[PDB]
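These notes are about the structure you will find just below.
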Amino acid sequence: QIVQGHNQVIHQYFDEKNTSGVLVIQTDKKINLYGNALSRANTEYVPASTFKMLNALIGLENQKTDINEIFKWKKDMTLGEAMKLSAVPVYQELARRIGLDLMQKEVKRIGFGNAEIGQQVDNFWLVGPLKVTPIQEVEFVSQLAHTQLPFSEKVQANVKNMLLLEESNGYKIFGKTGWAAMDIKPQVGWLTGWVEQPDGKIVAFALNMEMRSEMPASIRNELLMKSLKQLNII
Ligand code: NA
Ligand code: NA
Ligand code: NA
Ligand code: NA
Ligand code: NA
């Protein structure tokens with residue numbers, strides 16, 4: 001922390017997509033950088049739907065919802081079902097219950113990115129003013145994985161359970177995508193999360209790249225999996 005890793009092959013993965021990207025990896029207390037645009041690692045970007053992790057923690061901690069509540073499609077969904085889908089009404093609904101005031105206090109207490117939420121409680125993560133670096137994101141998700149955020153242990157466990165993405169060969173991959181696509185240029189794509197390896201060890205990641213509208217949403221996962229293989233993390 002914080003050093004370029006062995007980055008030969010991974011830089012070429014990003015080059016092949018004709019876009020700039022970084023992958024930050026945090027093991028215990030040590031952070032390595034990979035990709036073709038390493039300066040992105042300490043550049044601030046809007047978090048986009050990666051903020052849903054923190055919205056859920058704040059909402060659950062403050063009893064503004066619970067994991068069994070059904071949000072009406074006015075499909076009907078729980079908070080957890082909505083985590084992995086596009087569900088801005090649901091997370092937007094939650095943000096309104098929290099309210100601008102409690103949201104700003106919580107974001108300040110956690111110290112997430114620039115910790116600015118402005119005056120519009122239901123879109124500050126999508127269009128600004130809140131911004132965060134990929135290094136900060138990996139640090140945040142590492143803390144969540146290890147139950148070290150200053151929230152209830154049970155709330156952290158319940159949000160972690162919402163983030164399982166894919167699993168294979170005894171490895172579990174947890175995380176959250178984001179894509180700030182509308183109202184923001186250049187577009188920014190996130191995939192932030194962690195690997196739990198078969199013996200229990202945790203390796204956290206934050207992928208951050210420039211997106212274009214013609215890209216498939218799976219490009220983030222594709223680049224992540226290739227890179228984690230190269231690094232022997234999976
Ligand atoms: Na941005
Ligand atoms: Na309900
Ligand atoms: Na949202
Ligand atoms: Na994929
Ligand atoms: Na491998």
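All residue names refer to the structure tokens as shown: chains lettered A, B, ... in order, residues numbered from 1 in each chain, ligands numbered from 1 in order.
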
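Around residue 10 (chain A), within 8 Å and counting only C-alpha atoms, the residues found are residues 34, 35, 36, 227 and 230 of chain A, once anything fewer than 5 positions away on its own chain is removed.
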
Contacts between ligand 1 and chain A, please, where a residue of chain A counts if it comes within 7 Å (with only C-alpha atoms and all ligand atoms); show its shortest atom pair and distance in Å to one decimal, rows by chain and ascending number, as a Markdown table.
| residue | atom | partner | partner_atom_place_in_ligand_line | distance |
| --- | --- | --- | --- | --- |
| A:44 | CA | ligand 1 | 1 (Na) | 6.7 |
| A:45 | CA | ligand 1 | 1 (Na) | 3.5 |
| A:46 | CA | ligand 1 | 1 (Na) | 4.2 |
| A:131 | CA | ligand 1 | 1 (Na) | 6.8 |
| A:184 | CA | ligand 1 | 1 (Na) | 6.6 |
| A:188 | CA | ligand 1 | 1 (Na) | 6.3 |

Compile the contact shell of residue 13 (chain A) as a PDB file with N, CA and C atoms, in the first residue's frame: residues with an atom at most 10 Å away, counting only C-alpha atoms, same-chain residues fewer than 3 positions apart removed.
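Written file, around_35.pdb:
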ATOM      1  N   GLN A   8       2.249  -6.107 -16.101  1.00  0.00           N
ATOM      2  CA  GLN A   8       2.422  -6.600 -17.469  1.00  0.00           C
ATOM      3  C   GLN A   8       1.121  -6.994 -18.213  1.00  0.00           C
ATOM      4  N   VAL A   9       0.590  -8.166 -17.891  1.00  0.00           N
ATOM      5  CA  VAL A   9      -0.605  -8.715 -18.566  1.00  0.00           C
ATOM      6  C   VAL A   9      -1.899  -7.895 -18.368  1.00  0.00           C
ATOM      7  N   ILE A  10      -2.111  -7.414 -17.140  1.00  0.00           N
ATOM      8  CA  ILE A  10      -3.393  -6.760 -16.842  1.00  0.00           C
ATOM      9  C   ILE A  10      -3.530  -5.429 -17.586  1.00  0.00           C
ATOM     10  N   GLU A  16      -6.811  -3.692 -24.646  1.00  0.00           N
ATOM     11  CA  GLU A  16      -7.638  -4.399 -25.616  1.00  0.00           C
ATOM     12  C   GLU A  16      -9.073  -3.891 -25.746  1.00  0.00           C
ATOM     13  N   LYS A  17      -9.565  -3.235 -24.689  1.00  0.00           N
ATOM     14  CA  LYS A  17     -10.904  -2.615 -24.687  1.00  0.00           C
ATOM     15  C   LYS A  17     -10.928  -1.170 -25.141  1.00  0.00           C
ATOM     16  N   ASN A  18      -9.745  -0.646 -25.437  1.00  0.00           N
ATOM     17  CA  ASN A  18      -9.586   0.721 -25.892  1.00  0.00           C
ATOM     18  C   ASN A  18     -10.233   1.715 -24.940  1.00  0.00           C
ATOM     19  N   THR A  19      -9.974   1.500 -23.647  1.00  0.00           N
ATOM     20  CA  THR A  19     -10.415   2.430 -22.649  1.00  0.00           C
ATOM     21  C   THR A  19      -9.457   2.441 -21.475  1.00  0.00           C
ATOM     22  N   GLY A  21      -8.567   2.148 -17.498  1.00  0.00           N
ATOM     23  CA  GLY A  21      -9.057   1.497 -16.270  1.00  0.00           C
ATOM     24  C   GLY A  21      -7.977   1.213 -15.264  1.00  0.00           C
ATOM     25  N   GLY A  35      -3.603  -2.231 -14.180  1.00  0.00           N
ATOM     26  CA  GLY A  35      -4.414  -1.703 -15.273  1.00  0.00           C
ATOM     27  C   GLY A  35      -3.585  -0.820 -16.166  1.00  0.00           C
ATOM     28  N   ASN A  36      -4.247  -0.011 -16.982  1.00  0.00           N
ATOM     29  CA  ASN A  36      -3.515   0.834 -17.960  1.00  0.00           C
ATOM     30  C   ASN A  36      -3.597   2.323 -17.635  1.00  0.00           C
ATOM     31  N   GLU A 222     -15.988  -9.214 -16.790  1.00  0.00           N
ATOM     32  CA  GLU A 222     -15.035  -9.918 -17.664  1.00  0.00           C
ATOM     33  C   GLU A 222     -13.589  -9.513 -17.348  1.00  0.00           C
ATOM     34  N   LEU A 223     -13.365  -8.215 -17.236  1.00  0.00           N
ATOM     35  CA  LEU A 223     -12.045  -7.719 -16.973  1.00  0.00           C
ATOM     36  C   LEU A 223     -11.602  -8.137 -15.551  1.00  0.00           C
ATOM     37  N   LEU A 224     -12.534  -8.044 -14.591  1.00  0.00           N
ATOM     38  CA  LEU A 224     -12.218  -8.452 -13.196  1.00  0.00           C
ATOM     39  C   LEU A 224     -11.793  -9.920 -13.136  1.00  0.00           C
ATOM     40  N   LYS A 226     -10.714 -12.040 -15.392  1.00  0.00           N
ATOM     41  CA  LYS A 226      -9.448 -12.296 -16.067  1.00  0.00           C
ATOM     42  C   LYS A 226      -8.294 -11.879 -15.178  1.00  0.00           C
ATOM     43  N   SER A 227      -8.398 -10.667 -14.630  1.00  0.00           N
ATOM     44  CA  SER A 227      -7.353 -10.140 -13.785  1.00  0.00           C
ATOM     45  C   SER A 227      -7.173 -10.932 -12.485  1.00  0.00           C
TER      46      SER A 227
END

Within 6 Å of ligand 5, counting only C-alpha atoms and all ligand atoms: which residues, as a list in words?
-> residues 229, 230, 232 and 234 of chain A

Got time to write the residues from that selection, C-alpha atoms, as a PDB file, in the first residue's frame?
ATOM      1  CA  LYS A 229      -7.057 -15.264 -12.423  1.00  0.00           C
ATOM      2  CA  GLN A 230      -3.838 -13.695 -13.552  1.00  0.00           C
ATOM      3  CA  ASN A 232      -4.006 -16.042  -8.580  1.00  0.00           C
ATOM      4  CA  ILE A 234      -9.061 -17.049  -7.848  1.00  0.00           C
TER       5      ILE A 234
END

Within 12 Å of ligand 4 (only C-alpha atoms and all ligand atoms), residues as a PyMOL selection string | chain A and resi 165-166+191+216-226

Neighbours of ligand 2 within 9 Å, counting only C-alpha atoms and all ligand atoms, as a count of residues only?
-> 7

Out of A:88, A:60, A:121, A:33, which residue has the shortest atom-to-atom distance to residue 6 (chain A) when counting only C-alpha atoms?
->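 Of A:88, A:60, A:121, A:33, the one nearest residue 6 (chain A), counting only C-alpha atoms, is A:33.
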
With only C-alpha atoms and all ligand atoms counted, collect every polymer residue having an atom within 12 Å of ligand 3; state the result as number ranges by chain.
-> A: 47-56, 79, 82-96, 121-127, 176-180

The selected residues should be written to file as a compact mmCIF listing (two decimals), in the first residue's frame (atoms: N, CA, C and O atoms).
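Result file follows (part_0.txt):
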# COMPACT_ATOMS: atom_id res chain seq x y z
N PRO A 47 -19.88 7.69 -7.07
CA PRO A 47 -19.92 6.24 -6.79
C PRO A 47 -20.95 5.49 -7.59
O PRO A 47 -20.90 4.27 -7.71
N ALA A 48 -21.98 6.20 -8.06
CA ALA A 48 -23.09 5.54 -8.76
C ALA A 48 -23.68 4.45 -7.84
O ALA A 48 -23.72 4.65 -6.57
N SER A 49 -24.14 3.35 -8.40
CA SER A 49 -24.82 2.38 -7.54
C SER A 49 -23.91 1.64 -6.59
O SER A 49 -24.40 0.89 -5.73
N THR A 50 -22.60 1.85 -6.61
CA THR A 50 -21.79 1.33 -5.49
C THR A 50 -22.23 1.96 -4.15
O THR A 50 -22.08 1.33 -3.11
N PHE A 51 -22.85 3.12 -4.18
CA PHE A 51 -23.36 3.74 -2.96
C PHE A 51 -24.51 2.96 -2.34
O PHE A 51 -24.77 3.14 -1.13
N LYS A 52 -25.17 2.08 -3.10
CA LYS A 52 -26.25 1.32 -2.50
C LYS A 52 -25.76 0.49 -1.31
O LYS A 52 -26.57 0.24 -0.41
N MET A 53 -24.49 0.11 -1.27
CA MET A 53 -24.01 -0.60 -0.11
C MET A 53 -24.15 0.26 1.16
O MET A 53 -24.59 -0.22 2.24
N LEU A 54 -23.75 1.52 1.07
CA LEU A 54 -23.78 2.40 2.22
C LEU A 54 -25.20 2.88 2.50
O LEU A 54 -25.58 2.99 3.70
N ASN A 55 -26.03 3.10 1.48
CA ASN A 55 -27.41 3.46 1.68
C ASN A 55 -28.08 2.32 2.49
O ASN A 55 -28.82 2.59 3.46
N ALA A 56 -27.89 1.09 2.07
CA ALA A 56 -28.48 -0.03 2.82
C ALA A 56 -28.00 -0.08 4.26
O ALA A 56 -28.83 -0.29 5.16
N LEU A 79 -35.27 -5.11 -0.18
CA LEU A 79 -34.05 -4.33 -0.29
C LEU A 79 -32.94 -5.17 -0.87
O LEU A 79 -32.19 -4.77 -1.80
N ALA A 82 -33.47 -5.92 -4.54
CA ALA A 82 -33.24 -4.69 -5.31
C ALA A 82 -31.75 -4.33 -5.38
O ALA A 82 -31.35 -3.51 -6.23
N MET A 83 -30.93 -4.87 -4.48
CA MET A 83 -29.49 -4.49 -4.46
C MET A 83 -28.87 -4.76 -5.82
O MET A 83 -28.11 -3.94 -6.33
N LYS A 84 -29.12 -5.95 -6.35
CA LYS A 84 -28.37 -6.33 -7.53
C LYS A 84 -29.00 -5.90 -8.85
O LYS A 84 -28.45 -6.17 -9.91
N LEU A 85 -30.14 -5.21 -8.78
CA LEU A 85 -30.90 -4.86 -9.99
C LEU A 85 -30.88 -3.35 -10.11
O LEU A 85 -30.64 -2.63 -9.12
N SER A 86 -31.30 -2.81 -11.24
CA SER A 86 -31.63 -1.38 -11.23
C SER A 86 -32.94 -1.14 -10.48
O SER A 86 -33.99 -1.69 -10.85
N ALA A 87 -32.88 -0.37 -9.41
CA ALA A 87 -34.01 -0.21 -8.48
C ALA A 87 -33.93 1.15 -7.82
O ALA A 87 -34.02 1.30 -6.58
N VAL A 88 -33.69 2.19 -8.62
CA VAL A 88 -33.52 3.52 -8.03
C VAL A 88 -34.77 3.98 -7.29
O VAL A 88 -34.66 4.69 -6.29
N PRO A 89 -35.96 3.52 -7.71
CA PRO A 89 -37.01 3.96 -6.84
C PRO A 89 -36.78 3.41 -5.42
O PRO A 89 -37.28 4.08 -4.50
N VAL A 90 -36.49 2.09 -5.33
CA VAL A 90 -36.36 1.39 -3.99
C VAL A 90 -35.28 2.08 -3.17
O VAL A 90 -35.59 2.57 -2.09
N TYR A 91 -34.10 2.32 -3.78
CA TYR A 91 -32.98 2.88 -3.04
C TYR A 91 -33.19 4.35 -2.92
O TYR A 91 -32.84 5.00 -1.94
N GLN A 92 -33.91 4.89 -3.91
CA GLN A 92 -34.32 6.26 -3.79
C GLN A 92 -35.38 6.52 -2.70
O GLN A 92 -35.30 7.49 -1.94
N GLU A 93 -36.35 5.59 -2.65
CA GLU A 93 -37.34 5.54 -1.57
C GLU A 93 -36.66 5.52 -0.21
O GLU A 93 -36.96 6.30 0.66
N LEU A 94 -35.66 4.64 -0.07
CA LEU A 94 -34.94 4.46 1.20
C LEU A 94 -34.23 5.75 1.56
O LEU A 94 -34.22 6.16 2.69
N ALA A 95 -33.54 6.33 0.56
CA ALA A 95 -32.81 7.58 0.80
C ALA A 95 -33.72 8.70 1.34
O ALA A 95 -33.35 9.42 2.25
N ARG A 96 -34.93 8.78 0.79
CA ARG A 96 -35.92 9.75 1.27
C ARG A 96 -36.37 9.52 2.71
O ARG A 96 -36.54 10.46 3.48
N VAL A 121 -31.42 14.50 -1.76
CA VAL A 121 -31.14 13.21 -1.13
C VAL A 121 -31.30 11.97 -2.02
O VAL A 121 -30.79 10.93 -1.64
N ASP A 122 -32.02 12.05 -3.14
CA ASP A 122 -32.31 10.86 -3.92
C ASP A 122 -31.50 10.65 -5.21
O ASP A 122 -31.72 9.67 -5.92
N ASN A 123 -30.45 11.46 -5.39
CA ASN A 123 -29.56 11.25 -6.55
C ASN A 123 -28.11 11.73 -6.37
O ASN A 123 -27.38 11.67 -7.35
N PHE A 124 -27.70 12.10 -5.15
CA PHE A 124 -26.34 12.65 -4.97
C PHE A 124 -25.21 11.67 -5.30
O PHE A 124 -24.10 12.06 -5.68
N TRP A 125 -25.52 10.37 -5.28
CA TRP A 125 -24.54 9.36 -5.67
C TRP A 125 -24.40 9.10 -7.14
O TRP A 125 -23.43 8.49 -7.61
N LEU A 126 -25.40 9.58 -7.92
CA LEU A 126 -25.45 9.32 -9.34
C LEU A 126 -24.84 10.46 -10.16
O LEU A 126 -24.16 10.24 -11.16
N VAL A 127 -25.11 11.68 -9.70
CA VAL A 127 -24.75 12.86 -10.48
C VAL A 127 -23.80 13.80 -9.73
O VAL A 127 -23.36 14.83 -10.24
N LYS A 176 -20.44 -5.12 -5.93
CA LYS A 176 -21.46 -4.23 -6.41
C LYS A 176 -20.94 -3.53 -7.66
O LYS A 176 -19.88 -2.91 -7.65
N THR A 177 -21.75 -3.55 -8.72
CA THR A 177 -21.50 -2.77 -9.94
C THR A 177 -22.03 -1.37 -9.80
O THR A 177 -22.99 -1.10 -9.06
N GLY A 178 -21.45 -0.49 -10.60
CA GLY A 178 -22.01 0.83 -10.79
C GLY A 178 -21.64 1.32 -12.20
O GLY A 178 -20.63 0.95 -12.77
N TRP A 179 -22.52 2.16 -12.75
CA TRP A 179 -22.28 2.76 -14.08
C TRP A 179 -22.95 4.10 -14.13
O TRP A 179 -24.19 4.15 -14.15
N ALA A 180 -22.16 5.16 -13.98
CA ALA A 180 -22.68 6.51 -14.15
C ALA A 180 -22.66 6.88 -15.61
O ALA A 180 -21.58 7.00 -16.17

Find the spatial neighbours of residue 213 (chain A), counting only C-alpha atoms, within a cut-off of 10 Å - ignore same-chain residues fewer than 6 positions away - and output them as a JSON list (two decimals) with N, CA, C and O atoms, in the first residue's frame.
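The file below, around19.json, is the result:
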[["chain", "number", "residue", "atom", "x", "y", "z"],
["A", 181, "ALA", "N", -23.87, 6.76, -16.21],
["A", 181, "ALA", "CA", -24.12, 6.60, -17.69],
["A", 181, "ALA", "C", -24.83, 7.86, -18.18],
["A", 181, "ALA", "O", -24.49, 8.37, -19.25],
["A", 182, "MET", "N", -25.72, 8.41, -17.36],
["A", 182, "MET", "CA", -26.56, 9.54, -17.79],
["A", 182, "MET", "C", -26.16, 10.75, -16.98],
["A", 182, "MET", "O", -25.85, 10.65, -15.78],
["A", 187, "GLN", "N", -18.24, 8.74, -18.90],
["A", 187, "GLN", "CA", -18.95, 7.72, -18.09],
["A", 187, "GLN", "C", -17.96, 6.96, -17.19],
["A", 187, "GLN", "O", -16.83, 6.71, -17.57]]

Could you please determine the separation between CA of residue 204 (chain A) and CA of residue 135 (chain A) in Å, to one decimal place?
->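 Between CA of residue 204 (chain A) and CA of residue 135 (chain A) the gap is 10.6 Å.
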
If we count only C-alpha atoms, what is near residue 118 (chain A) at a cut-off of 9 Å, once residues fewer than 2 positions away on the same chain are taken out, given as a list in words?
->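 Here the answer would be residues 100, 104, 116, 120, 121, 124, 128, 129 and 130 of chain A.
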
What are the DSSP strand (DSSP E or B) residues of region 12-206 of chain A, as a ChimeraX atom specification?
-> /A:21-27,30-35,45,71,77,132,164-168,171-180,187-196,202-206

Per-residue DSSP, region 27-234 of chain A, filtered to helix (DSSP H, G or I), as an MDAnalysis selection string | chainID A and resid 38:42 48:61 79:83 88:110 124:127 134:145 153:162 219:230

Please dump the current selection as a tab-separated table (two decimals), in the first residue's frame; keep C-alpha atoms.
chain	number	residue	atom	x	y	z
A	38	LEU	CA	-3.09	3.88	-12.64
A	39	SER	CA	-3.78	7.54	-11.90
A	40	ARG	CA	-7.51	6.66	-11.72
A	41	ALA	CA	-6.82	4.94	-8.33
A	42	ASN	CA	-6.65	8.22	-6.41
A	48	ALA	CA	-23.09	5.54	-8.76
A	49	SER	CA	-24.82	2.38	-7.54
A	50	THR	CA	-21.79	1.33	-5.49
A	51	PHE	CA	-23.36	3.74	-2.96
A	52	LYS	CA	-26.25	1.32	-2.50
A	53	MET	CA	-24.01	-0.60	-0.11
A	54	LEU	CA	-23.78	2.40	2.22
A	55	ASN	CA	-27.41	3.46	1.68
A	56	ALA	CA	-28.48	-0.03	2.82
A	57	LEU	CA	-26.19	0.05	5.88
A	58	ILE	CA	-27.54	3.46	6.93
A	59	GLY	CA	-31.16	2.49	6.28
A	60	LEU	CA	-30.99	-0.74	8.17
A	61	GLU	CA	-28.91	0.71	11.07
A	79	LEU	CA	-34.05	-4.33	-0.29
A	80	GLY	CA	-31.82	-7.26	-0.91
A	81	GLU	CA	-33.50	-8.29	-4.18
A	82	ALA	CA	-33.24	-4.69	-5.31
A	83	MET	CA	-29.49	-4.49	-4.46
A	88	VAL	CA	-33.52	3.52	-8.03
A	89	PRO	CA	-37.01	3.96	-6.84
A	90	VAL	CA	-36.36	1.39	-3.99
A	91	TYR	CA	-32.98	2.88	-3.04
A	92	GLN	CA	-34.32	6.26	-3.79
A	93	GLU	CA	-37.34	5.54	-1.57
A	94	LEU	CA	-34.94	4.46	1.20
A	95	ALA	CA	-32.81	7.58	0.80
A	96	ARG	CA	-35.92	9.75	1.27
A	97	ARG	CA	-36.82	7.90	4.50
A	98	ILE	CA	-33.36	8.39	5.81
A	99	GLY	CA	-33.67	12.05	4.79
A	100	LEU	CA	-31.03	14.55	3.73
A	101	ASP	CA	-30.04	15.32	7.27
A	102	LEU	CA	-29.37	11.82	8.72
A	103	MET	CA	-27.79	10.80	5.40
A	104	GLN	CA	-25.28	13.62	5.55
A	105	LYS	CA	-24.43	12.94	9.20
A	106	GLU	CA	-23.88	9.17	8.51
A	107	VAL	CA	-21.81	9.82	5.35
A	108	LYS	CA	-19.66	12.28	7.35
A	109	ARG	CA	-19.28	9.85	10.28
A	110	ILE	CA	-18.21	7.01	7.88
A	124	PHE	CA	-26.34	12.65	-4.97
A	125	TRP	CA	-24.54	9.36	-5.67
A	126	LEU	CA	-25.45	9.32	-9.34
A	127	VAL	CA	-24.75	12.86	-10.48
A	134	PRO	CA	-11.14	3.65	-6.09
A	135	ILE	CA	-8.63	3.37	-3.23
A	136	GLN	CA	-11.24	4.71	-0.84
A	137	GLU	CA	-13.82	2.22	-2.27
A	138	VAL	CA	-11.57	-0.77	-1.77
A	139	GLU	CA	-10.82	0.40	1.79
A	140	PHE	CA	-14.54	0.76	2.53
A	141	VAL	CA	-15.48	-2.62	1.14
A	142	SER	CA	-12.54	-4.29	2.96
A	143	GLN	CA	-13.91	-2.88	6.21
A	144	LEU	CA	-17.40	-4.16	5.40
A	145	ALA	CA	-16.07	-7.62	4.57
A	153	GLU	CA	-22.51	-6.45	13.27
A	154	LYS	CA	-25.89	-7.83	12.21
A	155	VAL	CA	-26.47	-4.93	9.79
A	156	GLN	CA	-23.07	-5.51	8.22
A	157	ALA	CA	-23.75	-9.23	7.89
A	158	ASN	CA	-27.12	-8.57	6.27
A	159	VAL	CA	-25.67	-6.15	3.69
A	160	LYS	CA	-22.82	-8.54	2.91
A	161	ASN	CA	-25.43	-11.25	2.23
A	162	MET	CA	-27.04	-9.03	-0.40
A	219	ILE	CA	-17.30	-5.94	-19.51
A	220	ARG	CA	-16.49	-5.03	-15.84
A	221	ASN	CA	-16.94	-8.59	-14.62
A	222	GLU	CA	-15.04	-9.92	-17.66
A	223	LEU	CA	-12.04	-7.72	-16.97
A	224	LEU	CA	-12.22	-8.45	-13.20
A	225	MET	CA	-12.29	-12.25	-13.58
A	226	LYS	CA	-9.45	-12.30	-16.07
A	227	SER	CA	-7.35	-10.14	-13.79
A	228	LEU	CA	-8.14	-12.04	-10.56
A	229	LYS	CA	-7.06	-15.26	-12.42
A	230	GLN	CA	-3.84	-13.69	-13.55

Using only C-alpha atoms, pick whichever of A:115, A:207, A:25, A:31 has the shortest atom-to-atom distance to residue 3 (chain A).
->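 Checking each candidate against residue 3 (chain A), we get A:31 as the closest.
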
If we count only C-alpha atoms, what is near residue 20 (chain A) at a cut-off of 7 Å, once residues fewer than 6 positions away on the same chain are taken out, given as a ChimeraX atom specification?
-> /A:14,36-37,209-210

Using only C-alpha atoms, find the one residue out of A:193, A:111, A:175, A:198 that sits nearest to residue 24 (chain A).
-> A:193

Grab the CA of residue 185 (chain A) to CA of residue 117 (chain A) distance for me, in Å with one decimal place.
->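 Computed distance, CA of residue 185 (chain A) to CA of residue 117 (chain A), equals 19.3 Å.
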
note - CA of residue 114 (chain A) and CA of residue 203 (chain A) are separated by 24.7 Å
